[PDB]
Structures are given as C-alpha cells and as structure tokens.
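In what follows, a single structure is set out as structure tokens and then discussed.
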Amino acid sequence: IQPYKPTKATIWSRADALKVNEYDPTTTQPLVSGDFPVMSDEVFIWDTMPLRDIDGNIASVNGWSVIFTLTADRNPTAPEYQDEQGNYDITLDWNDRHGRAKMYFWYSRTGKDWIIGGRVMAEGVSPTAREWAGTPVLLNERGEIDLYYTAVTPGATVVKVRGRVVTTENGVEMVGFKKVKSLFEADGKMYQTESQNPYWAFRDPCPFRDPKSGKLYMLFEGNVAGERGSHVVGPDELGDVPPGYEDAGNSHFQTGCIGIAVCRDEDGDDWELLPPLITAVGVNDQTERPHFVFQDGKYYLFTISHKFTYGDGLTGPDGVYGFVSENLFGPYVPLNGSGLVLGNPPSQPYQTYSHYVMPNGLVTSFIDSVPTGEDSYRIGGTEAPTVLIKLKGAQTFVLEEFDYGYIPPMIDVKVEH
C-alpha cells in the first residue's frame, strides 16, 4: 500500500476572501466602451458556450466556428415594458430573460462577426420551456453533438440531447436535437435541493475527459446540502482571519459549491454524483459556471460569481474566480491568493458576466450594463471584448484585449454525413 491523502472538498474560506483586491490591474477586465455594437436587433444573448470536444479543445467544423448562446426575445412592443411616457424600457425586458431562456447557435469562419442560426431544439422538444446553460460537445467526424444543458422549472436537472451539425459553404444548421435525456438532479445529502432551499442552484454542466485517467467527469454549480439556514460557519469556513474579523454575521446563508459527477461509460450516458470539489459556505452563495483549463500538469478550476452573493461582511467584484491543484480531486489553492482572476472594474461593476476561460488563454464574456453618464447606462445582451490571460503557477495575469466576441478555434474537425 501507497497511502494517498483522501479526497476532501477544498474550502474557499472567509480569510481567503478577505484578500480579494478589486483594484489590482493584473486581475481587472478592461473597460467596455459605451459605444459597443449589438449582435442582434431581435434577441438578447448572454451565456455563451463555444463548441468543443470532450478534451476541452474549442472546435470549428469544416472551418466554421460555432457558439451556443442562452437567448431571449426582445419585446419592444410589449405593454408590460412601456414606461409612464409610453416608451419601451429595455431594462425590464432584459431582466426577464432568464424566465424565457432558450438555446440558439451562431456561426462564423473568422471566430467573430457571428451569424445567427436560431434555435437548437425545436420549440417543445425541451421538457422545460426554460433552457439554461451547459456545454455543446462535438463527438465525432459525423458531426454528432451532445448538448449538455440545464432543464429548469420544475426543478433543475442536468440533461443532454444528441443532434448533429451540418455545414455548407454558406452556413451551419443544427439538426435532430429531439430526445432530451435526464442525467441527474440535486440529491439532498451532498447537494442542496429545492425542498431545502427555494433559491438553490443546480446548473451549468461542464463535461470533460480527465487528461490523466481518461475517465469522463462533469462539473456543475450547486449549493452544499442542508436546509437553508442550517449551515454553520465554523473554524474551517472562517479560516485564518485577522484580529477583529471573527464575526461571520449571517453568512451561513451563503452556501455555494462546485460539484462533480463521474460517468460509468465513454458516451456520457450514466452518471454518478460525487461530493463537491470546492465549497464556499460563509463566503459566496453562487459559484457559477465551473470549468477547467489543464496546463503544466495542473488543474485550473474557474468559477464565476457576483459581488451581491458574497457572505455577510465580505465583498469583491463580479467576475471570474479560480483555484489550482496538482490533482483533479485537490487540494486546490486560490489563484492570486484570494481566488480573484478577473474582476469587473469598480467604475463599471456590471459591465460583463458569465466569463469562460478557454485553454488558449482567451476569456469570453457577455455585456450586461455599461454606464454612460452619472445616471445613465446601456444594456448589452451581446458579446463583450475577449481578453487574454496567462496562468502561471498560482498566479494569473491579464494581457491583451481582443475584438467583441472573438472565440477562435483550437482545432478544426472535418465533418461528413
């Protein structure tokens, strides 16, 4: 016997969070311009999910880059959205996107200047009208794709649906996404359920093949199991806080975690829930969109979070946070000491969201709200400038800004059917 340390969740502690610096130029997203272009006059987009293989490589098909987006109609003539003066209020329409979300695809041979493709699944295919985020996995040279996504209301279930990408020299179609299969939902002993918390999270599947073992696994956002309000911020959740910073307040209401499941097969058909990789009790309620970059034989685990969802007595920016380990199952340590990788600038604290760090270092995000004066602002619902970061040991560094929605491929796949 070679004894190994047992797998345990890594705790993102209150003490770690006290290190978050909102004013670090190496970990701040570049300022979005108030004159940003808008990709569609018919729909809003937000969470953007590039087509990729199971190993994480961003993929084009016959030269076409492809992205999937959460999408919602714009409703400029809806009476519900007319203000006291009879003028459309975009903010109300934008805020209502989540309740009407559906998956679209877009394509381009340049990795930008995206051409809209429309719905991936015909209306009524999804068991839930709300289609929340996940990952489109390109499977093979026939163009078969497994779309892993979150079927929301009733409940929140990780699901997948098979279909195919078909290309011509003029564009791209998504065909045959007809049969949605239930994979798993929160269990109540590891991950919190709706019964335990009406505000529970269970979403954002990120399947991957582990580069070391070759086994399939999948990340997702959850909350630590237990009745809402029953969690305890104990010594390990508090961490090594400095004098005067011992009060946890009511931070036991913040219970985010990064979950992981394992597949019993190579096809991503039958999955088993494992205990969480990272927990943030007393620190943040929302560790969204967990995803990996594998680099230098290490595991870089990124998650997106909000200022608003911080534990009582803590703060930090909206943006991307992350952790690094030598091993899939930990232990992880916070990048840059605090966990913060790329925060929104405090002068434009909601400019972007739902970042996705790709293995080439490029980070894509969507534009939310950009100030244009002391009191005024513009809504996005369109892609933000891509920004390059460098991962170096337990540090990250922001390097260079690229065009709006620039998502170049890492591989090209020749597809025939």
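Note on naming: chains are A, B, ... as they come in the structure tokens, residues start from 1 per chain, ligands start from 1 in the order shown.
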Spatial neighbours of stretch 223-226 of chain A, 10 Å, only C-alpha atoms, chain gap at least 5 places, as number ranges by chain:
A: 186-193, 195-197, 199-202, 231, 254-259, 275-276, 278-281, 284-287
Can you pull out every residue within 8 Å of residue A:94, counting only C-alpha atoms, but drop anything in the same chain fewer than 6 positions away, and send it as a short mmCIF file (atom, residue, chain, number, x, y, z; two decimals) with N, CA, C and O atoms, in the first residue's frame?
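Result written to result30.cif:
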```
data_model
loop_
_atom_site.label_atom_id
_atom_site.label_comp_id
_atom_site.auth_asym_id
_atom_site.auth_seq_id
_atom_site.Cartn_x
_atom_site.Cartn_y
_atom_site.Cartn_z
N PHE A 44 -31.81 39.05 -27.29
CA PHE A 44 -30.72 39.22 -26.35
C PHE A 44 -29.97 37.90 -26.28
O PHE A 44 -30.60 36.84 -26.29
N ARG A 74 -36.25 39.93 -27.62
CA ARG A 74 -36.55 41.32 -27.32
C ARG A 74 -38.04 41.52 -27.60
O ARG A 74 -38.59 41.02 -28.59
N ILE A 379 -27.76 48.70 -21.77
CA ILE A 379 -27.82 47.26 -21.65
C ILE A 379 -27.18 46.64 -22.85
O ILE A 379 -27.36 47.08 -23.99
N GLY A 381 -26.56 42.47 -23.70
CA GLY A 381 -27.18 41.32 -24.30
C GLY A 381 -26.50 40.94 -25.61
O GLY A 381 -27.14 40.49 -26.55
#
```
Stretch 303-315 of chain A environment, 8 Å, only C-alpha atoms, sequence neighbours closer than 6 positions dropped, as number ranges by chain:
A: 14, 17-18, 20, 248-254, 282-291, 321-322, 353-355
Those in stretch 141-249 of chain A with strand (DSSP E or B) from DSSP, as a PyMOL selection string:
chain A and resi 144-152+156-167+172-175+180-185+191+203-209+216-224
Residues near residue A:378, anyone? I mean within 10 Å using only C-alpha atoms, not counting same-chain ones fewer than 4 positions away, as a PyMOL selection string.
chain A and resi 34-36+90-91+351+367-373
Taking 3 positions as the minimum chain separation for residues in the same chain, which residues sit within 7 Å of stretch 400-412 of chain A when counting only C-alpha atoms? Answer as a PyMOL selection string.
chain A and resi 57-63+65+111-112+364+383-388
I'd like the interatomic distance between atom CA of residue A:232 and atom CA of residue A:194, to a tenth of an Å.
19.4 Å
To one decimal place in Å, what is the distance between atom CA of residue A:334 and atom CA of residue A:215?
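Going from atom CA of residue A:334 over to atom CA of residue A:215 covers 25.3 Å.
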